[PDB]
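Take a look at this one chain, the form deposited in one PDB entry, written out in structure tokens.
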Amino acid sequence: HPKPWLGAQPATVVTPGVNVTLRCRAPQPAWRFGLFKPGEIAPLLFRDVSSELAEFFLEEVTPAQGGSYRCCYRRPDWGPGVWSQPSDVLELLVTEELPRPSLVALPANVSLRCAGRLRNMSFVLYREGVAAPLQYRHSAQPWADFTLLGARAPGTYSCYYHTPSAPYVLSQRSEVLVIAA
């Protein structure tokens, strides 16, 4: 009956070649844990650790091995063909590089929005002629507003975003933004 939990390691956003592990946890004991893609005929079968913990090892993933995965569990007792409520879809992204963000000045301090289209990324902002990152924050939301002080603000700037932990996936650097005097 009630739906299980499906999570991924070491991250839900990975570069290609990374070994991914899907872990499904049932809120009650089960015999089988099916992995459900959209586009597949029959589900694929997790490997049981316990009656409430199963694992699916994704060996050295590829881009097409990304998409929307769901987990359902079942007992033989329920009868043929019937599964639990499907787990929330775990969205797995496999890319070598992430879509580049935009860097823009927003509507005397000055704020700069580096914006991508992906959540839970770390956003970094660079000034030209300055090696180390100027600023960076983690953002749940797919954008980061960097505030600059008016009197040290003019200069050239770029940004990129990236996942928070290794194995890193990095966005292509954004186009350059110039702040004039």
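For clarity, a rigid core is taken as the largest C-alpha set superposing within 1.5 Å between two forms. Numbering starts at 1 and runs along the sequence shown.
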item	value
Deposited residues omitted from coordinates between residue 107 and residue 108, as a class	4 to 9
Stretch with the higher entry mean CA B-factor, where the candidates are 98 to 106 and 74 to 82	74 to 82
Per the entry, higher mean C-alpha B factor between 32 to 40 and 115 to 123	32 to 40
Largest Cα B-factor, entry values, listed residues 49, 148, 134, 58	148
B-factor third for the C-alpha atom of residue 153 within its chain	highest
Chain-relative CA temperature factor third for residue 54	lowest
Relative C-alpha B-factor of residue 68, binned into the chain's lowest, middle or highest third	highest
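Form deposited in another entry: not shown, discussed below.
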| property | result |
| --- | --- |
| Rigid core fit then residue 50 CA moved by 2 Å or more between the shown form and the other one | yes |
| Is_shifted residue 150 between the shown form and the other one (CA, 2 Å cut-off, rigid core) | no |
| Cα displacement of residue 140 between the shown form and the other one reaching 2 Å, rigid core superposed | no |
| In the other form, whether the C-alpha atoms of residue 48 and residue 167 sit closer or farther than here (change of 3 Å or more) | farther |
| Residue 66 and residue 45, C-alpha gap in the other form relative to this structure (3 Å or more) | closer |
